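First the structure, in the form of structure tokens, and then the observations on it.
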Amino acid sequence: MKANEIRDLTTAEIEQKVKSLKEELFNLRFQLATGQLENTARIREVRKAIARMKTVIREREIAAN
Amino acid sequence: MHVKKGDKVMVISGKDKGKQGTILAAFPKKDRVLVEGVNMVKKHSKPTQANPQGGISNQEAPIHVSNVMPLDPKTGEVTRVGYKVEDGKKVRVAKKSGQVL
Amino acid sequence: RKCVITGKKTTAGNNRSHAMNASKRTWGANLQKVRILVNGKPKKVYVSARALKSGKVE
Amino acid sequence: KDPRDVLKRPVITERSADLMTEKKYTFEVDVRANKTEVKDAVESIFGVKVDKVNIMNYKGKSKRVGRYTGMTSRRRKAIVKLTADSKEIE
RNA sequence: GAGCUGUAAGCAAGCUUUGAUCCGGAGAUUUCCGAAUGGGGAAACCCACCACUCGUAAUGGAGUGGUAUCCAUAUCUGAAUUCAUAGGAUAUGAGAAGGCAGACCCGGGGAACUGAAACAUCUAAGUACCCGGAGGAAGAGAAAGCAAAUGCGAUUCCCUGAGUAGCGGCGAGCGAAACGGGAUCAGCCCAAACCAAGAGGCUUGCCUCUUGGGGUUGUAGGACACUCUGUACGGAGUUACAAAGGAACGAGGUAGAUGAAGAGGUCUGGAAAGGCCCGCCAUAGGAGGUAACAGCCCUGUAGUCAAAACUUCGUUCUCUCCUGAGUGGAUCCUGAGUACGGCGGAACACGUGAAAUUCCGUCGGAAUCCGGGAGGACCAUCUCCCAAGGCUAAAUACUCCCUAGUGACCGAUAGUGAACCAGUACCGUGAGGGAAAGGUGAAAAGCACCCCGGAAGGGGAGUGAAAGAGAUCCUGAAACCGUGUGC
RNA sequence: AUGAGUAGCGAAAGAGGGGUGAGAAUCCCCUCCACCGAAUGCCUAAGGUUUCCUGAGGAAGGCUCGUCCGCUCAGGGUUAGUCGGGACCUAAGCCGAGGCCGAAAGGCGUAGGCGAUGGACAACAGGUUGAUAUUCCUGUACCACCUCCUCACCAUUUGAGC
RNA sequence: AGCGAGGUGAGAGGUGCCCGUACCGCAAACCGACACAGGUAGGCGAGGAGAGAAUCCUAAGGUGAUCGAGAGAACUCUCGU
């Protein structure tokens with residue numbers, strides 16, 4: 001994915017993806033706490049995805065400086 | 001490990017000498033390997049869910065690789081392993097020959 | 001507590017009575033508090049007489 | 001900061017059932033947050049208004065596993081009272 | 001280069017040759033407390049101000065960043081007081097704070113027990129301990145020396161000298177140095193006269209205040225006057241000798257790769273690494289593991305190779321900076337409240353003794369080259385040397401740590417207190433004290449099923465070489481506990 | 001191990017019937033009786049830190065038993081503008097810029113600030129579950145603050161108002 | 001004093017954060033090594049007789065107390081004659 005997010009745009013596109021994934025994760029945690037859920041790998045996946053999606057931003061800023 | 005899953009390996013020691021079989025699974029942290037038709041031990045299982053009848057199943061146990069060796073693809077004879085490059089990537093190669101695997 | 005000029009201090013040592021009985025003591029200093037400027041600021045600071053002799057300002 | 005990060009998860013008990021019958025729901029929350037934060041969080045997420053909020057915080061139950069006797073994590077649960085003329089939630 | 005989502009069995013969900021997991025380098029994130037630093041604070045909590053942003057009809061609420069003290073620098077103010085100063089205000093600072101490894105060292109303070117067969121001098125001991133500073137080493141260090149010969153030439157450390165000389169209620173005890181032999185080597189700056197420039201004060205041509213050059217020494221040297229000389233030809237360098245950097249190359253470290261030779265046969269055995277008979281490799285017979293003792297089974301070893309990136313050293317180059325020889329003997333300079341002395345103390349092996357030497361405190365107090373200091377009181381001669389200013393690597397000390405590897409070192413009451421979730425449990429208000437506790441089996445193959453029983457626990461069966469191996473699980477003694485029985 | 005199945009089993013009225021259960025003096029229910037009653041009752045601090053409630057269990061602990069619990073497992077449970085405390089005040093005491101002393105360390109101490117056991121300060125009366133409640137629900141109120149708004153009044157430099 | 005071009009008052013509408021809130025609390029949860037005859041600040045504190053929070057018996061309300069039954073001897077203790 002690295003190349004994908006490094007292709008995408010820093011502030012608007014990528015942050016939109018961030019908040020979208022965070023909404024997803026939120027719903028995941030509710031489904032889990034309720035017991036309506038099966039695929040638990042999604043949670044780890046999404047959290048890691050947000051991490052990469054944020055650190056690309058951080059390196060773009062430090063590249064700016 | 002000098003061995004992979006999905007081989008045609010030969011046994012060396014144990015009760016099941018003079019024996020051949022493929023591999024069902026490996027375990028590098030333990031240096032152990034499963035083999036079809038080898039060390040087929042009996043396990044006493046209780047009538048618990050996902051076969052709630054229990055009974056005495058019979059299944060292969062692991063063994064240590066050092067008591068196992070692969071085969072010359074040519075002669076079907078036991079060989080030791082070296083490694084060689086062809087087109088980049090390394091490959092297993094059998095002494096007694098320069099034959100792969 | 002020390003001379004600003006020299007850095008004299010209240011040093012330590014012994015007191016050997018007749019029969020050389022030893023006891024700890026200090027030799028202080030003849031510091032005197034006098035009005036004098038460090039850089040500016042006439043400061044009213046300690047300084048020793050052994051410094052003050054031979055013409056330093058007060 | 002985000003409301004999604006504010007809220008953590010709900011609490012499914014017969015108490016919570018009895019309360020969502022009476023329109024007031026419950027949650028559990030990060031320990032630092034406060035009543036107004038969670039209120040605006042709900043309003044921003046579910047698009048629903050609020051009558052009031054009542055908030056709590058529990059300590060960590062000690063436990064035992066073999067010799068090992070650690071402590072459970074703390075909890076900050078929050079009861080929110082929807083208005084009438086307000087939506088419900090899944 | 002194929003399993004992997006740890007301990008940890010596991011079901012679930014899932015990822016991986018479009019190359020994961022894993023390993024290594026460089027980075028990113030890095031809640032709160034803590035030097036803790038916005039303020040406060042009973043540790044990990046609370047309460048704010050300023051800007052900006054989110055949000056509110058508005059407050060209310062949230063987020064990001066900053067906001068301590070001290071020090072230095074610069075600027076603006078610059079009171080009583082007129083200048084002016086204090087003090088205040090602001091901006092910059094990878095400043096410094098605090099920690100440590102319970103070790104090494106430098107210093108300031110500085111015990112007692114004890115020994116002396118008591119004991120005060122003395123010892124123990126400048127130890128322990130406290131405090132402040134450090135550095136990877138520190139400290140010392142280029143002669144106001146050792147000494148007493150056709151003289152040695154910085155310090156440090158080692159062996160000797162030597163338990164000598166000597167000190168000492170001449171008691172107990174303390175205890176050198178030099179010579180010599182060795183490890184390592186290294187030498188250099190400054191103040192000062194003098195000159196050039198600048199500034200203020202007018203001490204009105206004197207002044208120190210600054211910058212630069214100059215010069216650094218003892219059979220005296222330097223300034224000053226003369227000649228000679230050189231300005232990068234060459235030379236020295238960031239370890240001192242001035243400081244700051246860059247490249248290239250070589251080697252090495254931080255992940256790794258390769259890597260010879262037998263399932264040789266046969267006998268036991270549950271299983272061969274073992275026995276017997278045979279072969280082979282070796283720059284590899286080091287180690288560990290594998291169902292028992294393995295050079296030829298595995299990982300590996302010897303040997304040979306390897307690094308994108310970060311690092312250590314070395315070489316070269318760039319880069320920087322560079323002057324030094326002699327003769328003169330008018331005059332000038334060569335470290336001032338020090339050098340010494342008296343009085344008190346201390347350190348010197350050396351306890352005030354005849355007490356040199358060094359240092360501290362007070363008081364006094366000098367010459368300054370026709371000069372001055374030491375050579376164990378002191379004087380003369382002679383010899384050696386120029387203090388009061390500074391820098392200087394190596395040889396030396398130690399190891400929290402890391403890597404690799406050794407032991408006529410321990411093997412679970414031992415050895416670290418600690419082989420196991422230990423500085424834990426536990427004790428104590430607190431500092432602080434401080435344990436116990438290893439072993440199934442090669443492998444869970446860990447006991448399906450039948451009975452007794454509410455269970456636990458048993459008896460069978462089954463697995464296994466072994467169940468008398470069954471979860472305190474190798475052996476399993478003795479004390480102690482019982483059953484039966486010959487006399 | 002002995003002592004020795006010995007001492008002790010920690011003040012105080014229990015009895016019976018039913019029930020549960022493998023199993024009951026000891027657990028549950030009922031009925032009587034008895035004890036406390038300026039206390040053995042209700043509130044509430046400090047302190048403890050899940051002991052609370054429910055349902056399972058009875059290996060250990062309970063000075064016996066145990067079907068039981070302040071024990072073990074699971075789960076659950078503690079709702080505040082007005083209560084108590086902070087965003088308010090200060091005493092004693094403590095810290096303490098600068099400063100004063102002092103071998104060092106540090107001590108003292110101003111300004112300033114912490115600091116309740118006191119001062120000031122707006123909400124009560126009824127229900128409510130197995131466990132919370134002047135916190136939840138129902139009624140009725142109060143305090144402080146804000147203006148997208150409505151109204152009344154006053155005044156823009158003697159200019160009302162704070 | 002100072003700030004002062006928009007204020008004052010009333011109404012309507014609206015906002016109102018953090019910690020604690022369970023349970024024991026003369027007790028088997030606290031301090032006493034114990035489910036220990038001890039200690040544990042404070043508020044409420046009934047009725048008859050009664051001066052009275054004494055004392056006796058009782059309310060509200062709470063307990064029947066973590067080994068028992070059975071004989072009823074010497075001896076010990078606490079008691080009564």
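Chain labels A, B, ... are given in the sequence in which chains occur in the structure tokens; within each chain residues are numbered consecutively from 1, and ligands are likewise numbered from 1 in the order shown.
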12 Å contact set for residue 55 in chain C, only C-alpha atoms (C1' of nucleotides), chain neighbours under 5 positions out, as an NGL selection string: (:C and (49-50)) or (:E and (337))
At most 12 Å to chain C: residues in chain F, only C-alpha atoms (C1' of nucleotides), as a PDB file with C-alpha atoms (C1' of nucleotides), in the first residue's frame:
```
ATOM      1  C1'   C F 100      21.207  37.070  54.558  1.00  0.00           C
ATOM      2  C1'   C F 101      24.535  33.509  56.551  1.00  0.00           C
ATOM      3  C1'   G F 102      27.506  29.144  56.093  1.00  0.00           C
ATOM      4  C1'   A F 103      33.935  24.307  54.593  1.00  0.00           C
ATOM      5  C1'   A F 104      30.613  22.092  50.728  1.00  0.00           C
TER       6        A F 104
END
```
Residue 156 in chain F environment, 10 Å, only C-alpha atoms (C1' of nucleotides), sequence neighbours closer than 6 positions dropped, as a ChimeraX atom specification: /G:5-7
Interface, chain B side, toward chain E (10 Å; only C-alpha atoms (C1' of nucleotides)) as a ChimeraX atom specification: /B:1-2,4-5,10-15,17-19,25-28,31,39-47,50,53-59,61-69,77-80,82-84,89-91
Non-local contacts of residue 35 in chain F (9 Å; only C-alpha atoms (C1' of nucleotides); under 5 positions in same chain excluded) as a PyMOL selection string: (chain F and resi 12-13) or (chain G and resi 63-64)
Prev. selection, C-alpha atoms (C1' of nucleotides), output as a PDB file, in the first residue's frame:
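Result went into selection01.pdb, see below:
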```pdb
ATOM      1  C1'   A F  12     -24.202 -14.850  75.575  1.00  0.00           C
ATOM      2  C1'   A F  13     -31.113 -19.749  74.435  1.00  0.00           C
TER       3        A F  13
ATOM      4  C1'   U G  63     -29.605 -10.580  67.003  1.00  0.00           C
ATOM      5  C1'   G G  64     -29.762 -15.934  68.892  1.00  0.00           C
TER       6        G G  64
END
```
Pull out every residue of chain D that has at least one atom within 9 Å of chain F, counting only C-alpha atoms (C1' of nucleotides), and report them as a PDB file with C-alpha atoms, in the first residue's frame.
```
ATOM      1  CA  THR D  13     -26.529  -5.739  30.089  1.00  0.00           C
ATOM      2  CA  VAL D  53     -25.731  12.967  30.552  1.00  0.00           C
ATOM      3  CA  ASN D  54     -24.771  11.077  33.683  1.00  0.00           C
ATOM      4  CA  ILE D  55     -21.250   9.763  33.974  1.00  0.00           C
ATOM      5  CA  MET D  56     -19.322   7.386  36.176  1.00  0.00           C
ATOM      6  CA  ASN D  57     -15.929   5.787  36.524  1.00  0.00           C
ATOM      7  CA  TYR D  58     -15.080   2.401  37.985  1.00  0.00           C
ATOM      8  CA  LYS D  61     -11.026  -5.316  39.737  1.00  0.00           C
ATOM      9  CA  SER D  62      -8.184  -7.412  41.031  1.00  0.00           C
ATOM     10  CA  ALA D  78     -21.477   7.246  30.668  1.00  0.00           C
ATOM     11  CA  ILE D  79     -25.248   7.205  30.585  1.00  0.00           C
TER      12      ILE D  79
END
```
Give the residues of chain E that lie within 10 Å of chain D; count only C-alpha atoms (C1' of nucleotides), and format the answer as a PDB file with N, CA and C atoms (P, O5', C5', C4', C3', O3' and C1' of nucleotides), in the first residue's frame.
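Ended up saving to iface-v2.pdb:
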```pdb
ATOM      1  P     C E  54     -11.773  27.131  12.490  1.00  0.00           P
ATOM      2  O5'   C E  54     -12.132  25.832  13.334  1.00  0.00           O
ATOM      3  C5'   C E  54     -11.973  24.547  12.759  1.00  0.00           C
ATOM      4  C4'   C E  54     -12.551  23.463  13.627  1.00  0.00           C
ATOM      5  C3'   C E  54     -13.994  23.657  14.035  1.00  0.00           C
ATOM      6  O3'   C E  54     -14.898  23.269  13.018  1.00  0.00           O
ATOM      7  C1'   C E  54     -12.725  23.032  15.920  1.00  0.00           C
ATOM      8  P     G E  55     -16.173  24.181  12.684  1.00  0.00           P
ATOM      9  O5'   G E  55     -17.074  24.041  13.984  1.00  0.00           O
ATOM     10  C5'   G E  55     -17.491  22.763  14.430  1.00  0.00           C
ATOM     11  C4'   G E  55     -18.099  22.831  15.807  1.00  0.00           C
ATOM     12  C3'   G E  55     -19.106  23.944  16.036  1.00  0.00           C
ATOM     13  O3'   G E  55     -20.402  23.621  15.574  1.00  0.00           O
ATOM     14  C1'   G E  55     -17.542  23.942  17.786  1.00  0.00           C
ATOM     15  P     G E  60     -16.240  30.947  27.429  1.00  0.00           P
ATOM     16  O5'   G E  60     -16.877  29.609  27.991  1.00  0.00           O
ATOM     17  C5'   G E  60     -17.473  29.615  29.270  1.00  0.00           C
ATOM     18  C4'   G E  60     -18.286  28.376  29.519  1.00  0.00           C
ATOM     19  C3'   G E  60     -17.606  27.057  29.222  1.00  0.00           C
ATOM     20  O3'   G E  60     -16.715  26.654  30.242  1.00  0.00           O
ATOM     21  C1'   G E  60     -19.768  27.036  28.310  1.00  0.00           C
ATOM     22  P     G E  61     -15.180  26.342  29.889  1.00  0.00           P
ATOM     23  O5'   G E  61     -15.263  25.069  28.947  1.00  0.00           O
ATOM     24  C5'   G E  61     -15.869  23.885  29.423  1.00  0.00           C
ATOM     25  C4'   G E  61     -15.964  22.838  28.347  1.00  0.00           C
ATOM     26  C3'   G E  61     -14.671  22.499  27.636  1.00  0.00           C
ATOM     27  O3'   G E  61     -13.837  21.626  28.373  1.00  0.00           O
ATOM     28  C1'   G E  61     -16.354  22.830  26.040  1.00  0.00           C
ATOM     29  P     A E  62     -12.243  21.730  28.228  1.00  0.00           P
ATOM     30  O5'   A E  62     -11.969  21.176  26.768  1.00  0.00           O
ATOM     31  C5'   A E  62     -12.394  19.873  26.434  1.00  0.00           C
ATOM     32  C4'   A E  62     -12.184  19.550  24.979  1.00  0.00           C
ATOM     33  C3'   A E  62     -10.766  19.662  24.462  1.00  0.00           C
ATOM     34  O3'   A E  62      -9.970  18.546  24.807  1.00  0.00           O
ATOM     35  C1'   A E  62     -12.229  20.689  22.943  1.00  0.00           C
ATOM     36  P     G E  63      -8.399  18.730  25.065  1.00  0.00           P
ATOM     37  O5'   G E  63      -7.817  18.983  23.612  1.00  0.00           O
ATOM     38  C5'   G E  63      -8.001  18.011  22.605  1.00  0.00           C
ATOM     39  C4'   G E  63      -7.444  18.461  21.283  1.00  0.00           C
ATOM     40  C3'   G E  63      -6.024  18.986  21.312  1.00  0.00           C
ATOM     41  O3'   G E  63      -5.062  17.952  21.317  1.00  0.00           O
ATOM     42  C1'   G E  63      -7.374  20.464  20.083  1.00  0.00           C
ATOM     43  P     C E 421       9.165 -19.426  35.128  1.00  0.00           P
ATOM     44  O5'   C E 421       9.273 -17.903  35.564  1.00  0.00           O
ATOM     45  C5'   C E 421       8.674 -17.474  36.776  1.00  0.00           C
ATOM     46  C4'   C E 421       9.203 -16.147  37.240  1.00  0.00           C
ATOM     47  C3'   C E 421       8.638 -15.700  38.575  1.00  0.00           C
ATOM     48  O3'   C E 421       9.560 -14.879  39.283  1.00  0.00           O
ATOM     49  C1'   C E 421       7.853 -14.273  36.858  1.00  0.00           C
TER      50        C E 421
END
```
For range 6-16 of chain A: contacts at 12 Å, only C-alpha atoms (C1' of nucleotides), fewer than 5 positions along chain excluded, given as a PyMOL selection string: chain A and resi 1+21-23+49-61+64
Save the residues we just selected, N, CA and C atoms, as an mmCIF file, in the first residue's frame?
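Final output, saved to again25.cif:
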```
data_model
loop_
_atom_site.group_PDB
_atom_site.id
_atom_site.type_symbol
_atom_site.label_atom_id
_atom_site.label_comp_id
_atom_site.auth_asym_id
_atom_site.auth_seq_id
_atom_site.Cartn_x
_atom_site.Cartn_y
_atom_site.Cartn_z
ATOM 1 N N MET A 1 0.827 -1.233 0.000
ATOM 2 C CA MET A 1 0.000 0.000 0.000
ATOM 3 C C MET A 1 0.845 1.260 0.000
ATOM 4 N N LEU A 21 -11.683 5.145 7.572
ATOM 5 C CA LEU A 21 -11.241 3.929 8.234
ATOM 6 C C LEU A 21 -11.537 3.964 9.714
ATOM 7 N N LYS A 22 -11.481 5.139 10.315
ATOM 8 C CA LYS A 22 -11.715 5.216 11.742
ATOM 9 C C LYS A 22 -13.184 4.992 12.053
ATOM 10 N N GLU A 23 -14.065 5.515 11.203
ATOM 11 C CA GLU A 23 -15.481 5.182 11.296
ATOM 12 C C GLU A 23 -15.689 3.685 11.184
ATOM 13 N N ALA A 49 -3.262 0.134 9.081
ATOM 14 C CA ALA A 49 -3.464 0.962 7.908
ATOM 15 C C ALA A 49 -3.472 2.429 8.280
ATOM 16 N N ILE A 50 -4.099 2.751 9.397
ATOM 17 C CA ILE A 50 -4.132 4.133 9.834
ATOM 18 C C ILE A 50 -2.741 4.588 10.220
ATOM 19 N N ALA A 51 -1.969 3.693 10.827
ATOM 20 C CA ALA A 51 -0.615 4.050 11.222
ATOM 21 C C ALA A 51 0.219 4.443 10.016
ATOM 22 N N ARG A 52 0.185 3.621 8.976
ATOM 23 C CA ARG A 52 0.953 3.947 7.780
ATOM 24 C C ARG A 52 0.409 5.196 7.108
ATOM 25 N N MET A 53 -0.906 5.327 7.097
ATOM 26 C CA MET A 53 -1.551 6.440 6.446
ATOM 27 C C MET A 53 -1.241 7.753 7.137
ATOM 28 N N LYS A 54 -0.831 7.694 8.396
ATOM 29 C CA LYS A 54 -0.444 8.872 9.151
ATOM 30 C C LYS A 54 1.052 9.141 9.072
ATOM 31 N N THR A 55 1.864 8.091 9.054
ATOM 32 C CA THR A 55 3.299 8.323 9.048
ATOM 33 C C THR A 55 3.770 8.818 7.693
ATOM 34 N N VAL A 56 3.069 8.452 6.620
ATOM 35 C CA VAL A 56 3.367 9.072 5.329
ATOM 36 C C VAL A 56 3.181 10.577 5.415
ATOM 37 N N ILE A 57 2.147 11.009 6.125
ATOM 38 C CA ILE A 57 1.902 12.434 6.279
ATOM 39 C C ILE A 57 3.056 13.066 7.023
ATOM 40 N N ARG A 58 3.428 12.445 8.138
ATOM 41 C CA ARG A 58 4.485 12.990 8.978
ATOM 42 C C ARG A 58 5.777 13.148 8.192
ATOM 43 N N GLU A 59 6.090 12.177 7.339
ATOM 44 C CA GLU A 59 7.315 12.310 6.566
ATOM 45 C C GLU A 59 7.160 13.355 5.475
ATOM 46 N N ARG A 60 5.943 13.577 4.987
ATOM 47 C CA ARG A 60 5.761 14.680 4.052
ATOM 48 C C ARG A 60 6.013 16.019 4.730
ATOM 49 N N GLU A 61 5.546 16.183 5.965
ATOM 50 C CA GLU A 61 5.804 17.440 6.665
ATOM 51 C C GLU A 61 7.285 17.626 6.931
ATOM 52 N N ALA A 64 8.904 18.761 4.081
ATOM 53 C CA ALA A 64 8.673 20.188 3.923
ATOM 54 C C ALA A 64 9.660 20.994 4.746
#
```
Non-local contacts of residue 155 in chain E (10 Å; only C-alpha atoms (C1' of nucleotides); under 6 positions in same chain excluded) as an MDAnalysis selection string: chainID E and resid 140:142
